[PDB]
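Have a look at the structure below before the remarks.
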Amino acid sequence: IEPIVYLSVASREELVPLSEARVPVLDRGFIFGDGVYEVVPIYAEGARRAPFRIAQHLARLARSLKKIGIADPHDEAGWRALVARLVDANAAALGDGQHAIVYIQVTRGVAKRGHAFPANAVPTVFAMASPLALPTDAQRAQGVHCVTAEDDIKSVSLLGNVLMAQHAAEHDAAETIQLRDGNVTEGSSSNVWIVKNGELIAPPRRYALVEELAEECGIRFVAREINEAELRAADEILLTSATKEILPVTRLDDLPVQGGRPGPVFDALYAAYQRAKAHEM
Amino acid sequence: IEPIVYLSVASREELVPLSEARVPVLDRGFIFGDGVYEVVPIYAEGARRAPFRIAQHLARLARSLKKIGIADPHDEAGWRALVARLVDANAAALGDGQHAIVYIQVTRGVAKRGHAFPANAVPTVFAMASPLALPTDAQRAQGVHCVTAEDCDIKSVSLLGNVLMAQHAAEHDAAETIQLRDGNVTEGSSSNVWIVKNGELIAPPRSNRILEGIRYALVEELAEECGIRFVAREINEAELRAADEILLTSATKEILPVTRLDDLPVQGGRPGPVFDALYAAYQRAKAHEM
Ligand SMILES: [Ca+2]
């Protein structure tokens with residue numbers, strides 16, 4: 001019934017029901033958005049559950065922590081055990097055959113409000129395991145609609161992304177593709193790619209699953225600025241994230257992308273994605 | 001002894017001791033930095049306490065909420081009342097003559113994690129009243145030291161960038177980091193930056209004149225009372241380093257003179273006449289409201 005979550009505040013840890021998990025009001029994640037997050041997908045085959053790419057996800061988490069000066073509270077083994085206990089404790093909540101997504105957040109901790117790093121704060125850690133519903137077959141068959149709007153760490157200072165996500169909802173679209181000074185940046189909660197003349201293109205920059213899949217398929221990858229015209233004239237437009245896997249974008253601001261049908265680089269990357277998941281299960 | 005704070009979560013409200021105030025983990029303030037804040041100075045004449053420019057602080061709070069679509073949980077009177085209950089509840093823990101600063105934070109509330117606005121979340125309100133030590137008579141005589149670094153108009157709690165810049169100042173033994181983007185002055189990590197050049201007061205431009213008037217209202221008022229011309233105009237890095245005076249303002253600092261910059265003196269190293277006048281004007285604004 002109720003989700004069970006993990007919370008560590010002032011070095012005290014507990015797995016508790018969601019309705020009992022609360023953090024002190026002076027936690028810097030709440031006061032300042034001063035924290036980082038990472039996600040790990042957990043794919044289910046009956047009662048067999050297996051994290052996908054947990055090493056690479058945890059390595060990006062350690063990097064985000066260091067980039068903002070926050071003491072990493074666990075080594076890799078400690079993080080994996082924290083994830084395994086959390087997933088175990090939600091076995092009933094989730095149920096057999098149910099994929100999950102694990103969300104991990106670490107903030108600089110609790111102290112008197114002052115912008116600079118406090119001398120003696122201990123990091124807060126929050127994690128939870130939620131049901132994951134992947135995009136449907138129909139969605140992959142039809143593709144998704146994106147809109148555009150004016151726009152290197154996974155921080156929780158996310159107001160910008162919240163606003164662009166709301167913008168996409170208000171426009172009946174799956175995602176807002178952002179443009180800064182005429183060039184593509186990213187989605188509100190996804191990475192954006194285009195295909196042109198058989199070449200996979202992303203904006204200029206490691207966690208790099210999509211590049212690894214492109215390398216596997218023998219698809220050439222270039223990292224360069226993608227301007228608004230090149231976006232609108234793409235052969236294909238793609239979204240990627242832990243929860244979306246890869247989705248084809250077939251409408252962009254009410255105009256069709258190319259023929260308005262998912263293309264072959266999408267197909268190739270999607271199949272290579274699923275083989276990497278089979279490999280791990 | 002211990003500060004007493006206001007917390008409203010899922011339509012339940014309380015005044016509780018700081019150490020008893022906790023928010024749900026799925027609050028979007030904690031998960032997404034999805035909220036706004038506003039601070040109100042409370043000045044003390046003995047046991048007498050008075051909020052400074054409460055109407056203007058509360059108008060900015062309301063704008064901040066409207067700007068990012070959070071339903072404002074109070075009209076102005078509701079907010080006024082909330083600030084009074086809170087200050088009154090901390091009278092004893094503050095003590096006589098002790099100035100305070102009220103911090104109000106409003107987030108979009110608690111819900112299942114998803115980026116877009118949740119249908120049923122109700123905004124969370126947190127407020128506290130903390131002792132305020134104004135910059136000393138010394139600090140005003142010596143002036144303060146800023147550094148520069150490489151660097152829009154929402155007062156949000158997505159403040160990681162500001163945190164990093166504040167820490168950069170601390171690491172270089174400086175009171176503030178003055179940010180530059182494209183070679184032009186933006187702002188401090190938690191303060192607004194001004195320069196004086198040939199007796200004219202200059203502030204960086206904002207996105208449009210409306211936002212400039214909201215942001216600069218108090219200093220614009222002080223400058224007018226002093227007969228000091230003010231303009232909102234780009235300050236390039238060389239203009240910043242050649243300034244006659246450099247100034248910081250915020251709710252906690254009031255106005256301060258910057259007399260050193262990246263370890264070099266600002267002119268003589270002495271606070272200057274436009275600072276003196278504005279500071280005096282600031283103090284007459286306080287006295288008047290008190
Ligand atoms: Ca199928």
Side-chain angles (χ1 to χ4, degrees), chain A residues 3 39-44 46-47 49-54 56-57 83 87 90-95 97-103 128-141 143-147 165 168-169 172-177 187-195 198 200 202 207-219 221 234-250 252 256-260 262-281, chain B residues 112-116:
Chain A
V39 297
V40 189
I42 323 285
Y43 293 109
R49 271 187 182 95
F52 183 55
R53 281 172 65 80
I54 189 165
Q56 299 92 328
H57 278 289
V83 169
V87 169
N90 287 271
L94 296 161
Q98 178 69 72
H99 302 318
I101 179 82
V102 169
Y103 173 78
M128 62 169 172
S130 309
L132 168 59
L134 291 170
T136 73
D137 279 343
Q139 282 182 282
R140 293 201 314 284
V144 305
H145 175 228
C146 287
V147 290
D172 309 302
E175 184 58 289
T176 296
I177 292 172
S188 75
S189 56
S190 72
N191 295 310
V192 177
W193 316 75
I194 72 168
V195 181
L200 185 65
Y207 186 99
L209 167 59
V210 175
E211 295 186 48
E212 287 162 16
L213 294 180
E215 209 204 22
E216 200 98 46
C217 304
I219 293 160
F221 171 67
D235 294 333
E236 313 182 40
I237 294 167
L238 316 175
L239 310 180
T240 63
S241 72
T243 60
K244 288 171 171 52
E245 302 180 356
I246 303 190
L247 273 173
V249 179
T250 47
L252 187 68
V257 172
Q258 198 58 207
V265 167
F266 166 72
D267 296 332
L269 296 174
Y270 181 82
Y273 210 114
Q274 297 321 303
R275 282 198 297 279
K277 289 164 50 174
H279 202 290
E280 289 212 14
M281 195 90 67
Chain B
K112 162 193 263 299
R113 182 168 182 272
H115 288 64

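Each ligand, and each atom within it, is numbered from 1 in the order the structure gives. Labels below follow one simple rule: chain letters A, B, ... track the order of the sequence lines, proteins then strands, and each chain is numbered from 1.
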Problem - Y43(A) and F52(A) aromatic ring geometry - parallel, tilted or perpendicular at 30°/60° bounds - result: perpendicular
Practice task
Tell me how many protein N, O or S atoms are closer than 3.0 Å to the Ca ion (ligand 1).
Solution key: 1
Handout entry: Geometric cation-pi criterion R53(A) and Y207(A), 6.0 Å radius, 45° cone
Key = yes
Problem - Min side-chain heavy-atom separation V210(A)-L200(A) under 4.5 Å - result: yes
Exercise for the section: Compute whether any side-chain donor of one residue and acceptor of the other, for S188(A) and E175(A), lie under 3.5 angstrom apart. Expected result: yes
Exercise for the section: Supply the atom-to-atom distance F266(A) CZ to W193(A) CH2, rounded to the nearest 0.5 angstrom. Expected result: 14.5 Å
Handout entry: Electrostatic pair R140(A)-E245(A), nearest N-O below 4.0 angstrom
Key = no
